[PDB]
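Encoded as structure tokens, the structure appears first; notes follow it.
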Amino acid sequence: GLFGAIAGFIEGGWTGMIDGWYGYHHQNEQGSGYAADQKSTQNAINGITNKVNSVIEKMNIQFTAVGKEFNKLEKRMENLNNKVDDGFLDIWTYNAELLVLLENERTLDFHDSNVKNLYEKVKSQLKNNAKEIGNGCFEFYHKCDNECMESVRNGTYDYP
Amino acid sequence: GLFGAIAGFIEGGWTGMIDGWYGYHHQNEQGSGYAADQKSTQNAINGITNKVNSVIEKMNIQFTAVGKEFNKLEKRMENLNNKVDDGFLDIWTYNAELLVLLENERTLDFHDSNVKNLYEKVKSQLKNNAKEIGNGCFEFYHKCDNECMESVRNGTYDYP
Amino acid sequence: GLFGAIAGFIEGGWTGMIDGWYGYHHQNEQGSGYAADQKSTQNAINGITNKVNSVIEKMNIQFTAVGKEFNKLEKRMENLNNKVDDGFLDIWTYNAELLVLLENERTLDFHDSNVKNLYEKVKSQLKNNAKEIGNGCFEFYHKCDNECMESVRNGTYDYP
Amino acid sequence: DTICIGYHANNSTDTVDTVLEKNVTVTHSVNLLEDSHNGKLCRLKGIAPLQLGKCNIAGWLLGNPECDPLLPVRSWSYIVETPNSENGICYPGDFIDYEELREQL
Amino acid sequence: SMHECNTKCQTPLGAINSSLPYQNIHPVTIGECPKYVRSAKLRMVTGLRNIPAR
């Protein structure tokens with residue numbers, strides 16, 4: 001997208017992750033499988049939950065709103081009431097649709113950001129222990145276990 | 001801007017580019033020329049055309065807005081009318097200048113994004129065969145044709 | 001945050017940096033201390049000053065607004081006046097609380113971007129003659145004085 | 001021993017509209033807009049409304065003979081008319097400040 | 001038609017029983033209802049772009 005991970009250098013998303021929005025497809029000689037990164041997943045979920053809260057909280061509830069009737073010699077104050085009800089309804093519908101286009105784009109920017117921050121975090125651990133091969137896929141120089149994969153997940157693996 | 005490619009690592013834009021918004025310039029033994037990267041330029045043109053359509057679509061065309069007279073013992077209802085007309089015109093003028101400043105910033109950030117996405121796809125493609133010089137320029141280690149420069153435009157390029 | 005420097009790759013800010021929002025720590029043999037990057041600090045201050053100006057100057061000052069009087073057979077034009085005042089105040093509080101939460105996040109993204117644009121600028125100058133160590137820190141290969149360390153700050157030091 | 005960073009996908013045919021592209025297919029979304037209703041008049045917090053039915057406000061308040069079923073109604077949470085609320089004033093003239101009387105009520 | 005249902009929000013078409021911020025049913029409301037707007041879709045994304053790789 002904007003940052004260049006979602007349909008970017010990482011070609012597509014994997015249905016093998018269900019545990020979280022971000023994850024690692026490990027391909028060990030001890031067996032392959034998927035494992036979600038709980039940190040980037042929960043930071044994204046917390047930021048999305050606060051965005052979902054914020055847009056609903058700013059929408060203070062509509063109380064009893066009823067139509068006003070006017071007589072045959074009150075057509076001006078009828079057209080003032082009509083202009084007021086229409087003009088408010090225009091502004092509320094306009095702000096509701098404008099914000100939706102903006103926040104959907106900003107959320108796709110935010111998720112693309114969270115894949116990028118996770119990729120560079122794993123790349124800075126696999127420095128001269130691996131090479132980049134598949135745009136997300138690293139290929140190790142010394143072949144390490146599922147414990148060493150989990151060490152790369154949890155933010156350790158200090159190896160050169 | 002917000003991605004450090006436009007006015008950043010690439011010092012300025014090329015006036016010899018007319019074919020598209022993002023493009024390359026080869027310096028082969030076959031000579032030189034400006035050639036746009038079509039996929040990034042067209043995707044940006046779709047993103048700009050959709051925003052241009054959206055901001056024009058979201059306002060609905062102003063129907064007949066006619067001024068209303070009030071007599072000498074209706075000056076309260078004139079001050080209600082005037083407050084309604086002013087207060088709507090305030091809000092609609094504020095909404096128009098809000099979305100102009102905000103989306104003009106987002107447009108320059110979006111184009112700056114697309115130029116770094118253009119540079120990073122070429123860096124990940126040329127890899128061990130080329131180094132950085134002018135920040136954007138890639139001296140090859142083997143010297144390949146303008147057909148092989150087109151292989152970097154379409155993003156194939158079959159040599160590590 | 002979004003760009004992944006502020007609470008990202010750089011773990012925390014320095015309380016010895018006070019002179020600017022961006023800068024460098026000395027760790028040479030000529031002693032420790034701090035020297036601010038005035039270009040990243042001033043471009044951030046200019047963007048912040050223009051957004052501070054924008055949010056204030058768009059809000060054109062409120063003229064005299066007083067309560068209006070209505071008798072016992074004017075409850076409709078009283079409740080129409082009240083609906084106009086309440087509906088404008090709903091929209092006004094809504095636009096103010098939209099702008100403050102959105103542009104505080106965009107300010108965090110903008111500052112986080114200015115740390116990227118500075119760090120990648122120093123990496124492209126240092127290259128092989130210094131390597132990254134303390135996620136922000138660069139260990140000089142050949143070693144050099146506070147004059148050579150200053151030359152990296154001001155936008156020179158074009159050493160491979 | 002290889003390790004590949006990626007992002008989530010699923011079977012979800014949810015779509016959203018953005019400034020860049022309309023109807024973008026997404027893994028999860030929620031609607032902030034409401035369209036469902038019971039199709040029924042219901043009690044507002046356990047208290048039933050007054051339904052004027054075949055009558056309007058003026059036929060109930062003056063006590064028109066066709067609006068005698070509405071005369072014992074003491075309390076309500078809201079007042080309801082229908083498109084056929086014609087039993088009002090049953091002898092011609094005018095109702096002075098009618099518009100204000102339904103605003104009081 | 002009147003029925004022995006209960007609600008926090010009524011409209012002329014029928015009673016809404018939801019906590020969503022907006023509605024598109026009717027401008028006339030009684031009690032504590034969602035905000036009337038002429039919108040047909042205000043769907044916000046919580047996940048990312050679905051690209052199944054299938």
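So you can find residues: chains in the structure tokens are A, B, ... in the order shown, residues in each start at 1, and ligands are numbered from 1 in order.
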
Distance limit 12 Å, atoms considered: only C-alpha atoms. Which chain B residues sit that close to chain D? Return them as a CSV table (one decimal) with C-alpha atoms, in the first residue's frame.
chain,number,residue,atom,x,y,z
B,43,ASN,CA,-1.7,3.5,-9.9
B,44,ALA,CA,-1.0,7.0,-8.6
B,45,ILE,CA,-3.2,8.5,-11.4
B,46,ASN,CA,-6.1,6.1,-10.3
B,47,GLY,CA,-5.5,7.2,-6.6
B,48,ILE,CA,-5.6,10.9,-7.5
B,49,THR,CA,-8.6,10.5,-9.9
B,50,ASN,CA,-10.6,8.6,-7.1
B,51,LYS,CA,-9.8,11.4,-4.6
B,52,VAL,CA,-10.7,14.1,-7.2
B,53,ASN,CA,-14.0,12.4,-8.0
B,54,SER,CA,-14.7,11.8,-4.2
B,55,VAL,CA,-14.4,15.5,-3.0
B,56,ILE,CA,-16.6,16.6,-6.0
B,57,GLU,CA,-19.2,13.8,-5.4
B,58,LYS,CA,-19.6,14.3,-1.6
B,103,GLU,CA,-5.5,16.4,1.4
B,106,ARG,CA,-1.5,13.8,2.0
B,107,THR,CA,-1.1,14.2,-1.9
B,110,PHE,CA,1.5,9.9,-1.4

Interface list for chain C, partner chain A, 9 Å threshold, only C-alpha atoms, as a PyMOL selection string: chain C and resi 1-4+8-9+76-77+80+83-84+87-88+90-91+93-95+97-98+101

Helix (DSSP H, G or I) positions in chain A, given as a PyMOL selection string: chain A and resi 38-57+75-123+146-153

Prev. selection, C-alpha atoms, output as an mmCIF file, in the first residue's frame:
data_model
loop_
_atom_site.group_PDB
_atom_site.id
_atom_site.type_symbol
_atom_site.label_atom_id
_atom_site.label_comp_id
_atom_site.auth_asym_id
_atom_site.auth_seq_id
_atom_site.Cartn_x
_atom_site.Cartn_y
_atom_site.Cartn_z
ATOM 1 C CA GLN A 38 1.527 -11.390 19.381
ATOM 2 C CA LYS A 39 3.270 -7.961 19.818
ATOM 3 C CA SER A 40 2.510 -6.360 16.385
ATOM 4 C CA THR A 41 -0.939 -8.086 16.375
ATOM 5 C CA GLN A 42 -1.963 -6.722 19.821
ATOM 6 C CA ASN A 43 -0.482 -3.199 19.159
ATOM 7 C CA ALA A 44 -2.592 -3.126 15.946
ATOM 8 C CA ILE A 45 -5.709 -4.448 17.811
ATOM 9 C CA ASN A 46 -5.295 -1.827 20.640
ATOM 10 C CA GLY A 47 -4.879 0.996 18.055
ATOM 11 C CA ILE A 48 -7.944 -0.293 16.083
ATOM 12 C CA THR A 49 -10.045 -0.685 19.291
ATOM 13 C CA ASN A 50 -9.186 2.942 20.294
ATOM 14 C CA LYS A 51 -10.123 4.114 16.717
ATOM 15 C CA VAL A 52 -13.453 2.154 16.943
ATOM 16 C CA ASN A 53 -14.072 3.704 20.420
ATOM 17 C CA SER A 54 -13.069 7.261 19.278
ATOM 18 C CA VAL A 55 -15.448 7.419 16.236
ATOM 19 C CA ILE A 56 -18.424 6.063 18.321
ATOM 20 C CA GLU A 57 -17.647 8.231 21.456
ATOM 21 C CA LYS A 75 -44.682 29.174 5.270
ATOM 22 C CA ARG A 76 -41.469 31.217 5.953
ATOM 23 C CA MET A 77 -40.851 29.659 9.425
ATOM 24 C CA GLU A 78 -41.680 26.249 7.819
ATOM 25 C CA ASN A 79 -38.991 26.851 5.113
ATOM 26 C CA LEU A 80 -36.577 28.031 7.900
ATOM 27 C CA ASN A 81 -37.259 24.744 9.805
ATOM 28 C CA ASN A 82 -36.802 22.771 6.522
ATOM 29 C CA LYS A 83 -33.516 24.680 5.758
ATOM 30 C CA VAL A 84 -32.275 23.984 9.349
ATOM 31 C CA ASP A 85 -33.181 20.224 9.309
ATOM 32 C CA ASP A 86 -31.817 19.701 5.731
ATOM 33 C CA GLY A 87 -28.642 21.820 6.300
ATOM 34 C CA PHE A 88 -27.729 19.887 9.517
ATOM 35 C CA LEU A 89 -28.524 16.531 7.810
ATOM 36 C CA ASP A 90 -26.233 17.520 4.851
ATOM 37 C CA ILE A 91 -23.333 18.345 7.259
ATOM 38 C CA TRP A 92 -23.760 15.144 9.394
ATOM 39 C CA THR A 93 -23.983 12.883 6.274
ATOM 40 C CA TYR A 94 -20.991 14.751 4.686
ATOM 41 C CA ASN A 95 -18.737 14.423 7.804
ATOM 42 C CA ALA A 96 -19.798 10.729 8.213
ATOM 43 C CA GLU A 97 -18.813 9.785 4.609
ATOM 44 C CA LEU A 98 -15.645 12.043 4.461
ATOM 45 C CA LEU A 99 -14.216 10.583 7.709
ATOM 46 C CA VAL A 100 -14.962 6.978 6.506
ATOM 47 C CA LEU A 101 -12.836 7.417 3.301
ATOM 48 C CA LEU A 102 -10.001 9.080 5.319
ATOM 49 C CA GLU A 103 -9.912 6.620 8.299
ATOM 50 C CA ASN A 104 -10.094 3.492 6.023
ATOM 51 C CA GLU A 105 -7.028 4.805 4.108
ATOM 52 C CA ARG A 106 -5.187 5.789 7.378
ATOM 53 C CA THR A 107 -5.946 2.286 8.823
ATOM 54 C CA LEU A 108 -4.482 0.545 5.696
ATOM 55 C CA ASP A 109 -1.428 2.902 6.061
ATOM 56 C CA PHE A 110 -1.248 1.885 9.781
ATOM 57 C CA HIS A 111 -1.368 -1.889 9.064
ATOM 58 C CA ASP A 112 1.243 -1.559 6.224
ATOM 59 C CA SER A 113 3.423 0.309 8.804
ATOM 60 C CA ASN A 114 3.023 -2.589 11.336
ATOM 61 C CA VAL A 115 4.261 -5.186 8.733
ATOM 62 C CA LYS A 116 7.268 -2.876 7.940
ATOM 63 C CA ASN A 117 8.186 -2.343 11.647
ATOM 64 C CA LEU A 118 8.014 -6.169 12.131
ATOM 65 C CA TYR A 119 10.100 -6.965 8.992
ATOM 66 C CA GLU A 120 12.963 -4.538 9.905
ATOM 67 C CA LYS A 121 12.888 -5.870 13.529
ATOM 68 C CA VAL A 122 13.525 -9.454 12.248
ATOM 69 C CA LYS A 123 16.070 -8.239 9.588
ATOM 70 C CA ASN A 146 12.420 -23.978 16.452
ATOM 71 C CA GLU A 147 13.893 -22.595 19.760
ATOM 72 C CA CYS A 148 16.093 -20.242 17.661
ATOM 73 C CA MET A 149 12.993 -19.360 15.536
ATOM 74 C CA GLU A 150 11.106 -18.488 18.785
ATOM 75 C CA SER A 151 14.150 -16.389 19.888
ATOM 76 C CA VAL A 152 13.667 -14.375 16.618
ATOM 77 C CA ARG A 153 9.878 -14.050 17.445
#

Those of chain D in DSSP strand (DSSP E), formatted as a list in words: residues 2, 3, 4, 5, 6, 7, 14, 15, 16, 24, 25, 26, 29, 30, 31, 33, 34, 41, 42, 43, 44, 50, 51, 79 and 80 of chain D

Per residue of chain E within 7 Å of chain A, what are the shortest atom pair and its distance in Å to one decimal, counting only C-alpha atoms, with rows by chain and residue number, as JSON lines?
{"residue": "E:21", "atom": "CA", "partner": "A:56", "partner_atom": "CA", "distance": 5.7}
{"residue": "E:28", "atom": "CA", "partner": "A:66", "partner_atom": "CA", "distance": 5.1}
{"residue": "E:29", "atom": "CA", "partner": "A:65", "partner_atom": "CA", "distance": 5.1}
{"residue": "E:30", "atom": "CA", "partner": "A:64", "partner_atom": "CA", "distance": 4.2}
{"residue": "E:31", "atom": "CA", "partner": "A:64", "partner_atom": "CA", "distance": 5.1}
{"residue": "E:32", "atom": "CA", "partner": "A:63", "partner_atom": "CA", "distance": 4.8}
{"residue": "E:33", "atom": "CA", "partner": "A:62", "partner_atom": "CA", "distance": 5.3}
{"residue": "E:34", "atom": "CA", "partner": "A:62", "partner_atom": "CA", "distance": 5.6}
{"residue": "E:35", "atom": "CA", "partner": "A:62", "partner_atom": "CA", "distance": 5.3}
{"residue": "E:37", "atom": "CA", "partner": "A:93", "partner_atom": "CA", "distance": 5.0}
{"residue": "E:38", "atom": "CA", "partner": "A:93", "partner_atom": "CA", "distance": 6.0}
{"residue": "E:39", "atom": "CA", "partner": "A:93", "partner_atom": "CA", "distance": 6.2}
{"residue": "E:42", "atom": "CA", "partner": "A:100", "partner_atom": "CA", "distance": 6.4}
{"residue": "E:44", "atom": "CA", "partner": "A:104", "partner_atom": "CA", "distance": 6.1}
{"residue": "E:45", "atom": "CA", "partner": "A:104", "partner_atom": "CA", "distance": 5.9}
{"residue": "E:46", "atom": "CA", "partner": "A:48", "partner_atom": "CA", "distance": 6.0}
{"residue": "E:48", "atom": "CA", "partner": "A:108", "partner_atom": "CA", "distance": 6.1}
{"residue": "E:51", "atom": "CA", "partner": "A:13", "partner_atom": "CA", "distance": 5.3}
{"residue": "E:52", "atom": "CA", "partner": "A:13", "partner_atom": "CA", "distance": 5.6}
{"residue": "E:53", "atom": "CA", "partner": "A:12", "partner_atom": "CA", "distance": 5.2}

Counting only C-alpha atoms, chain D residues within 9 Å of chain E, as a PyMOL selection string: chain D and resi 7-17+24-49+51+78+80

Separation of atom CA of residue C:34 from atom CA of residue C:159, in Å and rounded to one decimal: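 Interatomic distance here is 23.0 Å.
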
Length of the atom CA of residue D:53 to atom CA of residue D:71 vector [Å]: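 About the pair atom CA of residue D:53 and atom CA of residue D:71: they are 12.9 Å apart.
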